[PDB]
Amino acid sequence: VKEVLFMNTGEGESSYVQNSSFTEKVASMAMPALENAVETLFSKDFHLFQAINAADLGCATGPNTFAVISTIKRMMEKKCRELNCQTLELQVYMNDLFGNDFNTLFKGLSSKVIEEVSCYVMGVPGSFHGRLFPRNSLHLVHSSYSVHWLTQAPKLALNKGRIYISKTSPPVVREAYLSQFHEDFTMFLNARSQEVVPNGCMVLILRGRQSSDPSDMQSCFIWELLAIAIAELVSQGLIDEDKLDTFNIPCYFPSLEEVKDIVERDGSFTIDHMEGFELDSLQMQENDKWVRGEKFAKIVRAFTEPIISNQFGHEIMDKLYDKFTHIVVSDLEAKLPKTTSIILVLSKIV
Amino acid sequence: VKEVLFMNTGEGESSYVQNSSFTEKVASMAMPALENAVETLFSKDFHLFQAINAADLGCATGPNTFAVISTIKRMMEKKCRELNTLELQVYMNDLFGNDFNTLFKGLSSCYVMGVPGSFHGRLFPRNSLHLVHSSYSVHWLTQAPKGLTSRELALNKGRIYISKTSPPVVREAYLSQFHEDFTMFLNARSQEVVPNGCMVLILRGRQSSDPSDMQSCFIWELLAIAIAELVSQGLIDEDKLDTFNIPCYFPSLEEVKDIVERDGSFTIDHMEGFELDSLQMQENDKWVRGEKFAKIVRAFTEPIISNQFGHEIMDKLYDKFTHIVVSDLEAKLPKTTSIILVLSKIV
Ligand SMILES: Nc1ncnc2c1ncn2[C@@H]1O[C@H](CSCC[C@H](N)C(=O)O)[C@@H](O)[C@H]1O
Ligand SMILES: Cn1c(=O)c2c([nH]c(=O)n2C)n(C)c1=O
Ligand SMILES: Cn1c(=O)c2c([nH]c(=O)n2C)n(C)c1=O
């Protein structure tokens, strides 16, 4: 399951790295959260000797992951100047599933090194649902749009005819995802529990929703639209529907209260600061519906192609996303509901 | 060179991972050297608490780097029980362009991480390493040795390494460079290894103490002729074979010592040499056993050579290589001398 989850490898031509415009803005909207978090590590005083270990979980191949490395070093070098002490060292651990194209990210990481603080970038392949780093190895943890991806799909059963929680899917389809996120998030939080230094800090950003029920269009339109495009191909006979009935995507966008309660029960890290914000799903600067759709199709296909192609096949991929782009521009007039995101800042209690 | 050096990236059939034939034997001989060093770290006692950091500097995409990790972890498993809750952190280090995807594809308490970059510079935080390993990686320079230019034409015309048909300065030139680059490796590593930490490094060198001995440099010699013959055919430019010199050096046992002596940070617990057959030689067909030697040569020299002559004429080059090895020498070459060197931070 984690053996086939990742984003478009390479390159970048219509891959993940080229189509990372939206997610870069989420980091931009949550950059101060990191900046404050770095300052707290300096207020801790204990982390000033001798080296500070930070890590980004779920870095893909895209240009977003060294954005935060830049802010961490910049902020660190700034407070390094106030302390008037050139001893600060920084080791950064970039984490993603094995299937990820590290060479593309490495080639990207190769350019930005090459200065008060030295920076050491290491790559850590593997799932973050288990333990990745030795005990008390991390002062700071950062994660953007990677937490919501589940360990496994929630569990002749059926979620007809969708790949996700919808208005057309009652009722354990909503409940399973809820308990499943609790299942996966707990592993994550608990695996971190032994990984982060006491009084450490944590900054998590994931895609969620403000609605009480996730079947609302704003919450689940990506999967609802994907579910339509695959279903229409079944009408054409290109794909068998019983595969669509069976396939549901291992991912989940939760509400803030659900997310809080998830962190509360496991009293490892107290919630320093939580917040929910909605960005315009796509820009929206183009008056051409095809332009808005294509830019949004290529970015949606970018982070969904490998996980979907596993179930439906490499070959038919091109036709599905073309049908998906079409119903966005023509059927939906290049207009989509807002996209909620959740800034989640924690600090280990032990 | 740091940008354009990597082993053959991929997974078959010319990839270095499929061509680990020779190196897996060297790792076997240095396994006891590795076995002991891992145990001396336990003798250092302080390393019991709390987690031990190991680093392989030069792991390619081949499976040989897992061979080193497996024994660190397995040896520790026995040491902990007698001592009665441990953790190991292994860093895989290599240049960029290294098929870490292939590396990590072959990959899948012990937590391993990938560290891209040269070991001629800083790679790890200060006082963070207890044990460091590097097999057949250190003898690569960061550049063609200085002093092969210009004077103002020149100089190793027409070969790619130290040979008989060459001015006396090339022996000094290659020894000059290696000294400089190795110091930086020792200099950089001097500030990462914990005090009384351990460092086990493996490279190949000469036993003849003369750089131009056929035994010591047959690989580059057999290549140099292989390139040269294809030059006569007009297939490859002539000036290129002359100007280009390979960024690698095979030091003597005594020459290694000085380098380590000059830089007082590391002391020598042990240092030895062992010569292995360049090929087996357990096979009867020369034309079908020299190819395996030809394949593994192509596994680590294709990218560094394709860079200067283009990948366009590569296939014909190693075709002559195999021909030279299997016809001229009748599939018989001098043994490859390998060097085990065990060090400790003098702090
Ligand atoms: N269980 C898991 N363990 C480790 N990484 C995971 C994971 N589930 C999803 N991911 C990774 O999380 C990534 C989200 S895309 C990365 C988001 C952001 N643009 C950035 O560059 O940081 C994907 O590459 C995916 O491989
Ligand atoms: C659910 N979700 C998105 O919606 C999204 C992602 N990156 C984008 O740019 N978008 C829009 N990823 C990574 C994802 O997980
Ligand atoms: C110079 N040189 C070799 O000659 C060699 C290597 N691997 C082997 O199997 N051989 C023989 N490597 C890694 C190397 O750099």
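Where a number appears in this text, it was derived from the coordinates with a stated rule and is not lab data. Quick reminder, even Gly has a Cβ in these numbers, built from the backbone with ideal geometry, and neighbours come from all protein chains shown.
Here are the numbers for this structure:
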quantity	calculated
Percent RCO, i.e. relative contact order, over region A:206-350, from Cα pairs under 8 Å lying at least 6 residues apart	41
Computed over region A:269-350, Kirkwood Rh from alpha-carbon pairs, angstrom	15.1
Cα-based equivalent ellipsoid of the protein assembly as shown: semi-axis lengths in Å, sorted from largest, via gyration tensor	50, 32, 23
q = 0.15, 0.17, 0.22, 0.25 Å⁻¹: log10 I(q)/I(0) that the Debye formula gives for region B:36-93, counting C-alpha atoms only	-0.44, -0.56, -0.87, -1.06
Dipole of the protein assembly as shown, positive end: most advanced residue of A:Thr270, A:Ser281, A:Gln218 [Cβ charges, Cα centre]	A:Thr270
Cross-link partners of B:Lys2 among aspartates and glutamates (Cα-Cα below 14 Å; sequence separation of 8 or more within a chain)	B:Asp94, B:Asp181
Distance cut-off 24 Å, percentage of C-alpha pairs in chain A lying past it	57
Region A:7-62: chymotrypsin sites (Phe, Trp or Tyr not before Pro) in DSSP coil with no more than 13 other Cβ atoms inside 10 Å	A:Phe49
Size of electric dipole in the protein assembly as shown: Cβ of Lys, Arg +1 and of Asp, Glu -1, about Cα centre, debye, nearest 20	840
Charge context of B:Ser43, other residues only, Cβ under 12 angstrom, K/R +1, D/E -1	-1
Share antiparallel - DSSP beta bridges, region B:23-345, percent rounded to 5	45
Computed [θ] at 222 nm, deg cm²/dmol, the protein assembly as shown (DSSP H ≥ 4; -39,500 (n - 2.57); rounded to nearest 500)	-12500 deg cm²/dmol
Ordering of A:103-110, B:185-192 by packing [mean C-beta count within 10 Å, highest first]	A:103-110, B:185-192
Violating pairs (Cα-Cα greater than 18 angstrom) within the set B:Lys295/B:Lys332; B:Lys44/B:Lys78; A:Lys25/A:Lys79; A:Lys25/A:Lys338	A:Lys25/A:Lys79
Per-residue average of Cβ from other chains inside 10 Å of A:91-99	2
Chain lengthening between B:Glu254 and B:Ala188 when straightened (0.36 nm per residue, less Cα-Cα)	21.5 nm
Cα-based radius of gyration of region B:196-273 once divided by 2.2 N^0.38 Å, which approximates compact folds	1.52
For region B:23-345, with +1 on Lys and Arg beta carbons and -1 on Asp and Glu, the positive-most of B:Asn53, B:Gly121, B:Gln191 along the dipole	B:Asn53
